Amino acid sequence: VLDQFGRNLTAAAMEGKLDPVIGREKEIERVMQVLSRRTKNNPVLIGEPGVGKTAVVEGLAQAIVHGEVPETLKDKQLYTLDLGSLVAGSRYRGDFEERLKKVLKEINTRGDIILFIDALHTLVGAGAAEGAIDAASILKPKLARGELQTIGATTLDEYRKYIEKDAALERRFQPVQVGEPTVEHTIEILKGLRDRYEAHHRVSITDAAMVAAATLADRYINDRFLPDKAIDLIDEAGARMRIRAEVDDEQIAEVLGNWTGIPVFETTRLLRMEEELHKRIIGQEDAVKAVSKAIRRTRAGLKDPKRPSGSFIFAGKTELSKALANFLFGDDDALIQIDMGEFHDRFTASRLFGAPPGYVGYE
Amino acid sequence: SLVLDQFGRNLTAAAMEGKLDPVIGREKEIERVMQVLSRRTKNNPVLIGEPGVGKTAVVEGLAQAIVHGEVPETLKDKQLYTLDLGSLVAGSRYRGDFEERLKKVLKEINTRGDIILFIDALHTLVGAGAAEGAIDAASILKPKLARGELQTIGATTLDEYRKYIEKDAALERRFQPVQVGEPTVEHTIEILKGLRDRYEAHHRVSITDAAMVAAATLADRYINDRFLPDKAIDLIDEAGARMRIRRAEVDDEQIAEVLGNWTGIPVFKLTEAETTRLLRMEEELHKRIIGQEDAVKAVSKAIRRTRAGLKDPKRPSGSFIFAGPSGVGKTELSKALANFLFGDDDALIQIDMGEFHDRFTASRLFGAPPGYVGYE
Amino acid sequence: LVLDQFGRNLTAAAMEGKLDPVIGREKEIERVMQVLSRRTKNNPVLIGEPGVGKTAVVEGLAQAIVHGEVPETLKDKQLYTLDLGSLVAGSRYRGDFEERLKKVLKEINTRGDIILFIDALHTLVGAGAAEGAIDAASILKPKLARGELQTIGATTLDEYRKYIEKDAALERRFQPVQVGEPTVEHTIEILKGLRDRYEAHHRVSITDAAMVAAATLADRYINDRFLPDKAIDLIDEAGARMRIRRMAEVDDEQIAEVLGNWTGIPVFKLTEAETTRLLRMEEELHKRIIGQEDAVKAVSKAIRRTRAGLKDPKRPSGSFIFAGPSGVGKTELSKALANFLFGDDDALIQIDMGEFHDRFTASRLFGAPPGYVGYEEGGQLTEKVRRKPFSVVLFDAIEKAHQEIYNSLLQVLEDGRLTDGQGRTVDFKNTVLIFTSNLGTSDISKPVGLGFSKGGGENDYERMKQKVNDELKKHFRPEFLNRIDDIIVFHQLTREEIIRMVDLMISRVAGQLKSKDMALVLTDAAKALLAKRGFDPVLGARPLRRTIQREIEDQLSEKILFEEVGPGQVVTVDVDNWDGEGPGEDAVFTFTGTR
Amino acid sequence: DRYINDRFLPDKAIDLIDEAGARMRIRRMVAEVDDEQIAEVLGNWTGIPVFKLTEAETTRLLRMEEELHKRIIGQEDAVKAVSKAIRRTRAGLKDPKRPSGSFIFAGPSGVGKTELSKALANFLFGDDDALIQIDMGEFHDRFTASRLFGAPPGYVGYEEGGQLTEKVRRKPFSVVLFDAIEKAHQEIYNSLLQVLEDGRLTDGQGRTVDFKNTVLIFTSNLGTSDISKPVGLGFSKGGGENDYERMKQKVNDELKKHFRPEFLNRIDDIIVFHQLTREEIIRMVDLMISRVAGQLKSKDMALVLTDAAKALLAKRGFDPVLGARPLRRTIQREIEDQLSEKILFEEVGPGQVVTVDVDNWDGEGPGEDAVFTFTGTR
Amino acid sequence: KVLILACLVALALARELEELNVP
Ligand SMILES: Nc1ncnc2c1ncn2[C@@H]1O[C@H](COP(=O)(O)OP(=O)(O)OP(=O)(O)O)[C@@H](O)[C@H]1O
Ligand SMILES: Nc1ncnc2c1ncn2[C@@H]1O[C@H](COP(=O)(O)OP(=O)(O)OP(=O)(O)O)[C@@H](O)[C@H]1O
Ligand SMILES: Nc1ncnc2c1ncn2[C@@H]1O[C@H](COP(=O)(O)OP(=O)(O)OP(=O)(O)O)[C@@H](O)[C@H]1O
Ligand SMILES: Nc1ncnc2c1ncn2[C@@H]1O[C@H](COP(=O)(O)OP(=O)(O)OP(=O)(O)O)[C@@H](O)[C@H]1O
Ligand SMILES: Nc1ncnc2c1ncn2[C@@H]1O[C@H](COP(=O)(O)OP(=O)(O)OP(=O)(O)O)[C@@H](O)[C@H]1O
Ligand SMILES: Nc1ncnc2c1ncn2[C@@H]1O[C@H](COP(=O)(O)OP(=O)(O)O)[C@@H](O)[C@H]1O
Ligand SMILES: [Mg+2]
Ligand SMILES: [Mg+2]
Ligand SMILES: [Mg+2]
Ligand SMILES: [Mg+2]
Ligand SMILES: [Mg+2]
């Protein structure tokens, strides 16, 4: 019944079907601190998509089968109730609410269920976007009395757009800030995932392949987030080993060359920086070695934590900056001309830095 | 009937058993319904009023006029049925089963020939088996309503007539809108006097004639989201319920304390400790405001003018400009006045006007116009 | 037959004479006769506004078939109003509605003299939708396209767009025959032809003046309804009132009373007491408006033009700009006019134009356009006038609106139209539009004028009019002021009028003390002291309202709370007597209660 | 293919053949259908007059000007230009890629800008309710354009969508009046120039609407804030040059910079209207009075002004800058409100009402002292 | 200085519907 909309994370934990989480055990303790409350014992894991929020309750489910929980959380079964699966296949009036009451009937029956509603922003707007009965207005009586333990997980933007704007719903849920890891935290995550990889991919993974998966994904990937995009690089690394076994750092630099697109992988290329800048600029070579010089300090040596990577006055000019952008991380199109000759007035100063809200030029 | 009792209730049989409230006044509106019902082409009035101006009461007053024989002899002894469209839709899991039940009702109109339907909330007729471009309860009635083959009183509010009946513009044609106006205070007192025996028997109280006046006058003054022949009854019944929970008489002060609990506006008969609070009102504000005697007097004169009942009812209680140098108690007297009137500084509505230096932040006061974010 | 179970034989009704006569509509019935006489698509859909007589055309075709006024290729063909709702009713099993509809179509092929009339043809989409069964139109669409089925449809122009035009294959299979709204002269001929059926039913006589009245007054004073129906509504309801007299004539006055009870617009012939109330209209507005005779006369002439039937029927009853000083009775005359016309000031539609600060607050007047939030509400102004067409609409503080909100209101003044966002044109032709401005005095009020000049007291009113009328021309576009019927710059309140304002404002205070079992006498020396201390020559009566508040009320409110003047007779005599003259600011009121 | 934007060719054509063959069958209760029998059927279906018109309908088109001049006084080149537009399209000489007539009625307020559009619609149809009058002052910002077009599908109001495009879809031959076109938003013109260029116009539901047969009138009041003042700056000798020359330049100058020149390209005649003269305001009097006399005949009374009473109304009711609205205001201040008292007095009932000025008027002077005298007869 | 235009959508209205039995 409850197995039809999600899997039992506690039963997956005692069958060893869950990846172990290393670190974020202060986050798991905060979730147990919410779940062991009486009245509103519903945490919402606030993060951004890939920091590990399923992994938090994956570690909570492993903590129940290890008995490392309070007495109000022992022998609890976690179910990843996908509420989008409740919307799916629901064409009719009342068809949606029926398979949510079948879920809530097993809450009353078992009494040891903790729902993990991933994407809790979907809870507002499941039947009528609060114009009528949605899945929020069904749960809000039981969530407010502690008779339904529900771990939400949503992005900080989506918590503000959907859960905070419903002021009745935001008191039922307790924000557990799951932050993005650090790079050194990501490496020790991937140490425990080495056992999960070597059993599956038939690979052996060396020590710095984790270091070249976490530092390098922070360096070139900014859409994705740390404890996911670095798992992705070790995943795609064995996906070159399925073409073939020990992975390198070049094995990760290969599969990020697939992902982002740049093949350039700094001390070697920073010394002969001039030659890769001569390939588009011949003539006026004194300025080429001049803008090579200061950048050999900023990207090699000492640097203030609050400064741009070099600042220049140019007085080809813009053809050198396009070749400078090509050396910078590997793309030609990073050069953005603002055309400061297209602005002369003071009210046009907000036309290139952003408008005050309400006004012309807000986008 | 047998099939029409399942799908509605006989309103004239409810008037024979005296289960309808007395509908006193509304003679020009009941007569107007009888003029429309006595037509031959479209004999279908719809009572178009505001919520609680007595639209259902006009038909209940019509059903009492049919029973008493104060009805025309072309409308004499016609049984009136409040058609419950929820009872028609209930069931109807199969195709045509709603359309069966409505055609069984309409066949029961023609065989008896003495039936006036009353579709209360006539906007619910627009869509009761399907959408408007399909066979709903509206599309079944529209042939019979247009030719006088069915006498049907409707009753919607002004908003429900706009949003739903005018959005089905062929059905609006079939009904003749009888506008039921909100009563005056003088008419509401007559309504309340006629309804006295119903509420002084349900609550076992004795509602005096002044409490009828003090209900209709005070509801018309101090209530502004409701309408008179319902919001004055709300003061009568809840004060009658106030008295029954004290277990003998509903006075002026019993009505005004119910309005004081409901609005928050203190209009009730002042206790002697609260009266002397308002004569020491300047000295109570000087416990928070050092000096500023001409200012403390002026806001105390405004509150004493309100609580003595000498406020202009078309004006605010006071309308002051506190001007002067910075830090002498301009904002503090406003906070002290809210402490006197409420015990709270948070009861002060501070509209900090330094945020309103834009010409366009007027929308923070009254909201965005239609079509805009901040219209909800 | 089985066809009688799911339809109404409409030529059998025409033979029995229980169809109403259809007068006019020769071109529309002949057009249906053309489309029925085709071979490919035998299918006319009658589209028109709701109530224009689309069902009447077919039941006038049914009479044309019975009377033999029909083509030989249409001779003795029986019309059947196919009740789609009765075809649905009982179809609880799969393939009942389909079996019923195919069985109906068998008896059209076998008989061969059947013309279906699917009234509300938009309901043919659906009617077999059970999502385990196919549509009603999908059964008919093969037979409609090839001439195998002669079917007249009738749909309103809205419901043709909303439901038939969104199925372009079904729209293709019908020929849209426009049934237009008839003219007033055509509607009189309809009402003369229907004259027998309404006289025989109501046992009345309907004089030919009442047909001309019913078609003219319905075309003029109703804008949500169409002519060959709203004129019938006036004939039918007035004939019903004369039947209720006997529980026999229906004439011009009987129709105008029904139109008056329906729209709310007084158009009916007058009693002697209501006629002489309109001649004393100025004198009864002066019971609430002290002075201001130029403007009391101006709104009285506008109401008397309307009730004499001399109002320009394409324009509002009156368009006014009440301009002048602040506090001299510009809003108060709009209140007094609404109290004259209705009995309260809650009947005044008061649009406070200071709330309109940019162009886009004009969406509060006529509603949001399609696709935007608050499209369900038609605007604050367009609804209140559509509910009460005879109104007084006050645009208070009109210069505080944005200048692009006048442009919404230009054609309200000239045409009596303001089409809302939903698209319904609202009738402003019976409203009294009052605009209130402080322009040209929100400063000039202060006495003295830049420079030298003769006179003061009546040349500062001519200075007021020149200042105000130039500030109006500066602020308004000249096409707005062109459309205002009368711009009245108001007088400053003289000293003799502020004396009579005291009588008017103590009466509000004394009227409140009636509710406290008290009376409030105000001695004539105390009327003079309030009148001096309340007289500002450049504001007027709002400073007097403050002096009556500061000196009578604020002193009387504590005397009530002291219980020193409880249910008695507060006399309010002056004591220092201010010698009755000179300043009296050492004088004081004393409040004593007797009896 | 030309006159139907709703159906498709191997059908809308078959329908004209089939309805005309059924037309000539009920003419016999052998006969042929010609090109005029088809066009009579198409004119019966679209409403677009494309048929071979009768001789009674031909002579009223050649006399359109002096049948439009029955309702609008003066305004000759305005009346001639809309008469040249209708006679061009009813002669079958219309460009079938453009609207039937595109006009800007610009000029001072009160001279008959919207009165000619109503007179044109009363000519072509018999009604002023057949005038599609779009009050463009209600349109003020770019989102109100959804009233002309309808909402996009899935946005509330798509169902009733289009207050211009739907009543042109139901009446393709119709005079469309855009009253006070300058008081609209600029982005509405960028949608309304599609009509002037192509004759097509996609509504909110993405469907082109036929405007090839509409008479588009863009009533404008531009270049009149200095024409609200009858004398210009500086010395000049008398009228004749002032009434029109300057105004037409100052109106056109304001039209060139308020509108895009792409918009003003595709308009058949920008007509700047001349302000009404002394000899036209005296002929405006008995047209304003015929409305008042037409209402007293409903109450069985006859209103007859004398020649001196008509002359005095044109004296006071003449602003040269506004025209005919100050006359209409002086009718209701000196005839109607006076008669409204006399009727409510019951001092004037059935029979003639000789309204004549007698106090003075001296046939001339300012008549400032002259009063209108009303008298009953019979 | 510039409007926002909320622009309300219309909804599909998740529907009840009668069905057809067969014995
Ligand atoms: N003339 C009247 N005489 C007596 N009681 C009246 C009268 N008018 C209204 N009432 C009473 O006031 C209340 C109004 O309720 P009612 O249902 O009649 O209002 P309504 O206008 O139909 O409002 P709604 O649309 O909200 O149903 C009821 O208690 C009704 O009996
Ligand atoms: N008469 C007063 N009695 C008591 N506190 C006062 C008085 N005047 C000023 N204060 C003190 O000033 C503060 C609140 O008054 P506030 O300074 O806002 O007065 P204000 O006249 O509104 O000033 P501003 O004009 O600068 O806004 C508190 O610290 C309050 O105690
Ligand atoms: N030409 C006519 N002659 C006589 N009566 C007419 C004529 N046209 C309309 N009527 C009458 O006017 C009323 C119009 O009702 P009808 O059913 O014809 O409306 P409709 O145009 O079909 O619109 P809908 O069905 O949407 O209400 C009826 O009383 C009808 O008999
Ligand atoms: N002529 C008058 N007759 C009677 N009362 C008047 C008159 N003029 C003003 N008042 C009174 O003065 C107060 C203000 O009047 P009102 O609001 O009509 O003035 P106004 O000129 O419209 O003001 P504003 O220009 O501020 O809108 C009210 O109490 C009103 O009754
Ligand atoms: N020949 C005419 N010229 C002007 N106005 C006339 C004429 N005949 C009648 N009128 C009347 O004069 C008034 C003003 O005419 P109309 O509204 O057409 O002027 P306009 O120039 O279009 O005004 P605006 O510029 O404000 O749109 C109306 O009541 C109209 O019916
Ligand atoms: N602390 C962690 N320890 C181990 N794996 C982690 C950790 N955080 C995230 N992950 C990894 O993240 C993936 C699960 O997705 P997750 O990061 O929880 O998504 P989201 O943050 O959107 O809920 C798995 O590959 C899991 O191993
Ligand atoms: Mg009710
Ligand atoms: Mg302060
Ligand atoms: Mg019909
Ligand atoms: Mg005012
Ligand atoms: Mg105009």
Side-chain angles (χ1 to χ4, degrees), chain A residues 19-27 47-56 59 155-156 177-198 200-201 203-241 245-273 276 295-310 324-331 334:
Chain A
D19 292 333
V21 293
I22 293 180
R24 284 180 290 113
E25 65 184 2
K26 186 178 182 293
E27 296 292 327
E48 57 185 1
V51 299
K53 295 182 289 185
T54 303
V56 172
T155 307
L156 189 145
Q177 297 296 116
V178 176
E180 185 180 2
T182 62
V183 176
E184 64 181 2
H185 184 77
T186 309
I187 297 168
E188 66 182 1
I189 289 171
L190 272 65
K191 297 295 182 184
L193 296 175
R194 180 181 292 171
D195 291 331
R196 297 291 184 184
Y197 294 153
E198 70 183 1
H200 187 72
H201 307 296
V203 295
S204 179
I205 302 166
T206 182
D207 186 77
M210 283 75 176
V211 181
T215 304
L216 189 61
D218 196 5
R219 190 172 72 185
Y220 292 114
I221 304 168
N222 289 318
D223 292 330
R224 300 288 298 273
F225 299 108
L226 234 337
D228 184 20
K229 61 183 182 181
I231 286 163
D232 194 4
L233 292 179
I234 308 290
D235 282 328
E236 293 178 352
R240 297 292 186 273
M241 293 298 174
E246 184 179 1
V247 300
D248 293 330
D249 298 338
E250 292 179 353
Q251 184 59 256
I252 308 297
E254 182 176 1
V255 305
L256 192 144
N258 204 169
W259 182 259
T260 301
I262 54 96
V264 285
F265 294 101
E266 293 180 353
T267 62
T268 62
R269 68 180 65 251
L270 291 174
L271 293 175
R272 290 181 180 89
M273 177 178 177
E276 294 180 355
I295 303 301
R296 286 178 296 173
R297 296 182 292 111
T298 303
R299 292 186 294 176
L302 301 178
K303 185 178 178 178
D304 292 331
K306 294 181 177 67
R307 64 180 293 167
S309 295
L324 183 62
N326 192 31
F327 183 76
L328 185 63
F329 64 98
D331 193 2

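Note on naming: letters A, B, ... go to the chains in the order of the sequence lines (proteins, then strands), and numbering restarts at 1 for each one.
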Enquirer: Check the surroundings of atom CD in A/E198: do more than 12 heavy atoms from other residues, nucleotides or ligands lie under 6.0 Å from it?
Expert: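 Result for CD/A/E198: enclosed.
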Enquirer: Looking at every heavy atom in both A/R299 and A/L328, which two are closest together, and how far apart are they?
Expert: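 Looking at all heavy atoms of both residues, the closest pair is NH1-O, 3.3 Å.
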Enquirer: Give the minimum heavy-atom separation between A/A230 and A/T186, together with the two atoms involved.
Expert: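 The answer is CB-CG2, 3.7 Å.
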Enquirer: Taking everything shown except A/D304 itself, do over 12 heavy atoms lie less than 6.0 Å from its CG?
Expert: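 Count over threshold, so yes.
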Enquirer: Does A/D207 form a side-chain contact (heavy atoms from CB on, under 4.5 Å) with A/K191? I'd like the steps, not just the answer.
Expert: CA-CA 8 Å; A/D207 186 77; A/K191 297 295 182 184; 2.4 Å; yes
Enquirer: Would you sort out whether A/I252 and A/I234 count as a side-chain contact (heavy atoms from CB on, under 4.5 Å), showing the intermediate values?
Expert: CA-CA 7 Å; A/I252 308 297; A/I234 308 290; 3.7 Å; yes
Enquirer: Could you check whether any side-chain heavy atom of A/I189 comes within less than 4.5 Å of a side-chain heavy atom of A/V21, counting everything from C-beta outward?
Expert: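 Result no, sub-4.5 Å side-chain heavy-atom pair not found.
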Enquirer: Minimum heavy-atom separation for A/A237 and A/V247, please, with both atom names.
Expert: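 That would be CB-CG1, 4.3 Å.
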Enquirer: Given the rule in the side-chain contact (heavy atoms from CB on, under 4.5 Å) test, do A/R240 and A/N258 qualify, once you have shown the distances and angles that lead to the verdict?
Expert: CA-CA 11 Å; A/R240 297 292 186 273; A/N258 204 169; 2.5 Å; yes
Enquirer: Between A/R269 and A/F327, does the side-chain contact (heavy atoms from CB on, under 4.5 Å) criterion hold? Intermediate values first, please.
Expert: CA-CA 9 Å; A/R269 68 180 65 251; A/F327 183 76; 3.7 Å; yes
Enquirer: So which heavy atom on A/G52 is nearest to which on A/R24, and how close?
Expert: O-NH1, 3.4 Å
Enquirer: How long is the straight-line distance from CD1 of A/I22 back to CG of A/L193, given to the nearest 0.5 Å?
Expert: 7.0 Å
Enquirer: Can you tell me how far the CD atom of A/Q251 sits from the CG atom of A/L233, to the nearest 0.5 Å?
Expert: 10.5 Å
Enquirer: Counting only heavy atoms not in A/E276, do more than 12 fall under 6.0 Å of its CD?
Expert: yes
Enquirer: Report the distance from atom CE of A/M273 to atom CD of A/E266, rounding to the nearest 0.5 Å.
Expert: 10.0 Å
Enquirer: If I compare all heavy atoms of A/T155 with all of A/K53, which pair ends up nearest, and what's the gap?
Expert: N-NZ, 3.7 Å
Enquirer: What distance do A/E188 atom CD and A/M210 atom CE have between them, rounded to the nearest 0.5 Å?
Expert: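 Between A/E188 CD and A/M210 CE, I get 12.5 Å after rounding to 0.5 Å.
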Enquirer: I'd like to check A/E236 versus A/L256 (side-chain heavy atoms, cut-off strictly below 4.5 Å). Are they in contact?
Expert: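 A side-chain contact is absent here, since even the closest heavy-atom pair is not under 4.5 Å.
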Enquirer: Look up atom CD1 in A/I187 and atom NE2 in A/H185, then write down how far apart they are to the nearest 0.5 Å.
Expert: 11.0 Å
Enquirer: Taking the side chain as everything from C-beta on, heavy atoms only, tell me whether A/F265 gets closer than 4.5 Å to A/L216.
Expert: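 Yes. Closest side-chain heavy atoms under 4.5 Å.
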Enquirer: To the nearest 0.5 angstrom, please state how far the OG1 atom of A/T182 sits from the CG atom of A/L226.
Expert: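 These two atoms lie 7.5 Å from each other.
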Enquirer: Counting only heavy atoms not in A/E184, do more than 12 fall under 6.0 Å of its CD?
Expert: no
Enquirer: Indicate the atoms forming the closest heavy-atom contact of A/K229 with A/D218, along with that distance.
Expert: NZ-CA, 3.7 Å
